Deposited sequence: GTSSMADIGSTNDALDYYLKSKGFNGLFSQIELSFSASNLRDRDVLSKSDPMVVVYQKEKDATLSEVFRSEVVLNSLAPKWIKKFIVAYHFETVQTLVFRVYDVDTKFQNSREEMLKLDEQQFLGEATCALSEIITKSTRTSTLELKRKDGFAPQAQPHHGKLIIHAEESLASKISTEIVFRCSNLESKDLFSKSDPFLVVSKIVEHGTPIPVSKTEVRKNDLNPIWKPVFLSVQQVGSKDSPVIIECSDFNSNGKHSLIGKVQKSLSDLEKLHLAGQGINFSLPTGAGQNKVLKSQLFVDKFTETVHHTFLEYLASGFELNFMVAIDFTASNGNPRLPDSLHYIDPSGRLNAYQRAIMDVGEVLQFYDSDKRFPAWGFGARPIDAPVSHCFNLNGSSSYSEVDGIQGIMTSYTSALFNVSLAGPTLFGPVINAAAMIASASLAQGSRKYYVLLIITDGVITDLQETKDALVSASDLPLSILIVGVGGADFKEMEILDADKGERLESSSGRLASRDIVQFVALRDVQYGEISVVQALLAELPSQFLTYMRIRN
């Protein structure tokens, strides 16, 4: 291998960071709801029924898809259903579900539930909620009153019983496999030199290039390397019986690394090797369809399937996501009273871009905080009689920034719009510090809050340096940040801040960010993808924190 200790050191440093950012990546989470009911009644009388719960998925257009259907419990005054419903959990979307309980006619006592027509059974009642509402309860159990439409009666509308939903993250979806590889007698292609070897584990595609899934650090002048542990979830590999590619390569600082050897084996195959203590010989390709078995061998020194502490594990341990908002009130935007102002409050009730982004994000994150007291700021405006503020409370107080609910944010916003003077220029430093001050204070008081600040701007920032410095400093606190650009401005300068598109942030004082905490996108939903990254950031913090 050709490279300096410095070239190696730094490619390893790049890897460490990338791993902490992707985490024990990609155990895409699944929930098991299980069901039971009490007091099922078509009218005012409770007698043995034959209950069945049926679960629909509510689309935004309010359309209903059937996604599950319990078995029929026979002759019961309180059924406890055996059949569980496994639904995927998507942190980035509200998953509205609708539950419907039916009293199955007795003539069907021998029918498989799949075969039942619901028109032919007694509809007892219905309830609705988001998945988010069930998995954020301490007991992970909700109790919902089944209701029917009796015509029109929000108060004295009769009950038809209670439906009781228990949610549990499914064990299989929490499993990752730690592996420690070791090789034996590696030969570099570069003759008369020792190898600087690393390993790449790649999922197999059919008729296209294999997708790298994991990578070991590079070791200097080692012919019998024992790497640090790499971790693999089942979704990264496919199934435990799915063959993967393991390539051993010789590192070259010039970026073109040379293949040392390659084997193809499943994660199951590796386990058998581990237990047996046996190694397997590597191969190189030679003839466009033949391979050569090397003297060099691969070994699996360690191999442990573990239950990884997942996002949902933390939520069930009483950890919250607390939403914060900061809104550009720079004149960039145009007078609120102008139809083509980005802050125009349409009389018809149509949301502007700031309202859209607030809802798109808040609507989801509101379920992960129990108090729903959300700090709300504006920046770049002149309040009555004062100079320009770069962090004033939207609610218009002097002492506190919290507002009640998304609703509270929306009314604080429309309120501020007509009680201050859009000014300038566009600065992010002060709000980020304000947020950090709150994060920090929460950390010191041993709270279990992690904070998500949404910043919405119409142009590019002025204080790019003092922003980096604030972010870098914030990276140690329980705080993620999402920036959303609105209107048609050129946001090119913003992309240096994005976790994905940008680069690891450097303080002016030289210090580096512990982790990626910023994302940016232009609201040309596109928000969904911003939300999808937060769990990872969330967990990164929890790993790193000290």
Which parts of the deposited chain sequence are absent from the coordinates, listed in sequence order?
525 to 531
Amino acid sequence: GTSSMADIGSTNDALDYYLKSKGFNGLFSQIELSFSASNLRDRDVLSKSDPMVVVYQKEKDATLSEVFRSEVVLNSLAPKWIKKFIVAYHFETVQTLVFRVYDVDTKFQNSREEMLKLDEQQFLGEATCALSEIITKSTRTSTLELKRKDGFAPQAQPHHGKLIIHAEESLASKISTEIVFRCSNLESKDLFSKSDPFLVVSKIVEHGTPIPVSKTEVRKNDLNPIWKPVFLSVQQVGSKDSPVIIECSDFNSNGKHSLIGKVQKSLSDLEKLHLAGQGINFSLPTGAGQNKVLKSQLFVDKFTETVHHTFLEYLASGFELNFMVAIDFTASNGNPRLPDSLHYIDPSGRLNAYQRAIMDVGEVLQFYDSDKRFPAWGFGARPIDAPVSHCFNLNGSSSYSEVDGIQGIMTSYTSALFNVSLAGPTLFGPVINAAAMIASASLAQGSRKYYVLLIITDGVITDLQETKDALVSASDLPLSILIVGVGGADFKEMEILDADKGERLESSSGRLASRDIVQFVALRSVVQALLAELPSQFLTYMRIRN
From here on, numbers count along this sequence of modelled residues.
Can you let me know which of the two, 446 to 454 or 154 to 162, has the higher average C-alpha B-factor in the entry?
154 to 162
Quick one: say whether 235 to 243 or 140 to 148 has the higher mean Cα B-factor in the deposited entry.
235 to 243
Out of 516, 66, 50, 59, which shows the largest CA B-factor listed in the entry?
59
Which of these has the highest Cα B-factor in the record: 355, 341, 306, 332?
306
Give the position of residue 388 by CA B-factor within its chain, expressed as the lowest, middle or highest third.
middle
For residue 400, the third of its chain by CA B-factor is the highest
Ranked by Cα temperature factor within the chain, is residue 206 in the lowest third, the middle third or the highest third?
highest
By the entry's values, the third containing the CA B factor of residue 15 is the middle
Residue 277 - which third its CA temperature factor falls in, relative to the rest of the chain:
middle
